[PDB]
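Asks: I would like to see how this sequence folds:
(2 chains, ligands or ions: 2)
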Amino acid sequence: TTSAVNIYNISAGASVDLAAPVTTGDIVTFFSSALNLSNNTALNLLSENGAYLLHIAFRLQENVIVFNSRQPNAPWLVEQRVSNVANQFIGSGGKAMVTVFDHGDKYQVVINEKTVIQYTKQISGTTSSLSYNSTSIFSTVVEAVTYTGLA
Amino acid sequence: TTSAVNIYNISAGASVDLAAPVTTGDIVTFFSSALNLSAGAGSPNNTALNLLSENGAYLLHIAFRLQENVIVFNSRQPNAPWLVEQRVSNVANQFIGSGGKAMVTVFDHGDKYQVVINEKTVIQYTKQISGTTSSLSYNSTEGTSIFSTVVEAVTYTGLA
Ligand SMILES: CC(=O)N[C@@H]1[C@@H](O)[C@H](O[C@@H]2O[C@H](CO)[C@H](O)[C@H](O[C@H]3O[C@H](CO)[C@H](O)[C@H](O)[C@H]3NC(C)=O)[C@H]2O[C@@H]2O[C@@H](C)[C@@H](O)[C@@H](O)[C@@H]2O)[C@@H](CO)O[C@@H]1O
Ligand SMILES: CC(=O)N[C@@H]1[C@@H](O)[C@H](O[C@@H]2O[C@H](CO)[C@H](O)[C@H](O[C@H]3O[C@H](CO)[C@H](O)[C@H](O)[C@H]3NC(C)=O)[C@H]2O[C@@H]2O[C@@H](C)[C@@H](O)[C@@H](O)[C@@H]2O)[C@@H](CO)O[C@@H]1O
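Replies: Numbers count the residues shown, from 1 in each chain, chains lettered A, B, ... in the order given. Ligands and ions are numbered 1, 2, ... in the order given. Right below this line is the structure:
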């Protein structure tokens, strides 16, 4: 078994195409060197045809994290919400880590050490690009590390 | 499937006991916020990162030796001789692109440990001792380290 590590720098308002796609069994971690909780910010996993397989939106004024999916050029699907943004980052200390495990029929999302949701997929497929949309809750550049070739 | 993420801060000359053990299919990554490749006075001493079993066996010992200009990979049972070394020459070449920081990732593939420095696979190490990793340690020979004085370790477990 030969696995791979790839590292990407993603600016706010930018996208990257992955050198190795993320599929069942694989992991993506996003690292932020800041945490500004004092504004809506999103991290996205996208398929090769531009579907949003997983959209994670942090909304500080509404005080929720929204999880959703959508096909390209079509309406958003059914939202899942987790309340109280700040309580999901307890113990952070000015930095943060967001990890997504692809478990096949679900995505597991972990903020630092805490599992926040087991999201049942509304669209299936392989992740081939990542994007970061925002004055952000995270640093202007976030680093993404993928671990692929695991299964 | 419920996987887990755990984060540890390891000072030079210290060790941690893991809350979730690392076994086949799992990952450990070490992060350093410095990389000291200097040659003269202030050059680093030999520095190692270790994966240990519950009885203190060294399942994987990774020794960075700047003056000898090798990375040594080995194992050993508690209080016994070291087993057969595997060596990779030219330390600085394994960190090209780093820019003052470094990531070291170990995948446990069951029969082998795969070791990756940043994005580059440096060895597929055939295990000489098998078992579960239950603690990590960081040794700089009580002197100057090649890495930052605190190294962060992240484990990903419950994968398979
Ligand atoms: C209670 C309820 O059902 N509210 C619904 C809103 O939550 C919903 O808002 C949209 O939600 C999407 C996830 O389900 C997604 O977060 C939308 O924003 C993203 O996508 C936009 C394109 O559609 C655009 O690219 C945004 O920039 C991006 N957001 C980020 C942070 O990347 C979100 O729609 C946006 O935000 C809301 C808050 C509102 O201002 C919209 O005008 C804006 O487009 C809407 C569905 O549109 O339905 C319910 O109201
Ligand atoms: C060419 C050849 O075969 N050289 C061999 C040396 O490489 C070997 O040195 C030991 O190698 C070990 C891995 O195979 C390991 O790195 C030893 O150092 C670690 O373990 C020590 C206890 O045995 C002690 O705890 C050290 O602090 C620790 N080092 C680190 C950085 O964690 C290493 O032995 C040490 O270093 C060598 C270079 C020498 O000074 C030894 O006196 C010293 O203990 C030796 C012994 O197996 O055999 C060949 O010479």
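
Asks: Now do the contacts for the residue positioned nearest the centre of chain A.
Replies: Closest to where the C-alpha atoms of chain A average out (C-alpha atoms, centre = their mean) is residue A:43, at 4.5 Å. Each residue near residue A:43 by C-beta atoms under 8 Å, 6 or more residues apart in numbering or on different chains is listed here: A:30, A:56, A:98, A:130-132, A:142. Quick note: C-beta positions are derived from backbone N, CA and C, even for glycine.

Asks: and it, how far is that from residue B:150?
Replies: According to C-beta to C-beta, to the nearest Å, residue A:43 stands 27 Å off from residue B:150.

Asks: now swap in residue A:138 and tell me
Replies: Computed with C-beta to C-beta, the distance linking residue A:138 and residue B:150 is 23 Å.

Asks: Check residue A:116 too.
Replies: For residue A:116 relative to residue B:150 (C-beta to C-beta), the value is 27 Å.

Asks: Also residue A:128?
Replies: 36 Å.

Asks: and the residue nearest to residue A:100 when sequence neighbours are not counted, how many neighbours does it have?
Replies: In space, and not counting its chain neighbours, residue A:100 is closest to residue A:28: 4.9 Å by C-beta to C-beta, 6 or more residues apart in numbering or on different chains. Residue A:28 is flanked by 24 other residues according to other C-beta atoms under 10 Å in any protein chain shown.

Asks: same check, this time on the one 10 residues further on
Replies: Burial measure for residue A:38: 6 neighbouring residues, criterion other C-beta under 10 Å.

Asks: Look up how far ligand 2 lies from it.
Replies: Residue A:38 is 44 Å from ligand 2, where distance means C-beta to the nearest ligand atom, to the nearest Å.

Asks: Just say helix, strand or coil for residue A:88.
Replies: helix (DSSP: H, G, I helix; E, B strand; the rest coil).

Asks: typo on my end, it should be residue A:29
Replies: Look at residue A:29: counting by three-state DSSP, its state is strand.

Asks: where's it relative to ligand 1, distance?
Replies: As judged by C-beta to the nearest ligand atom, residue A:29 and ligand 1 stand 20 Å apart.

Asks: Ligand 2 versus that residue, what's the distance?
Replies: Residue A:29 is 29 Å from ligand 2, where distance means C-beta to the nearest ligand atom.

Asks: Residue A:93 too?
Replies: Using C-beta to the nearest ligand atom, residue A:93 is found at 30 Å from ligand 2.
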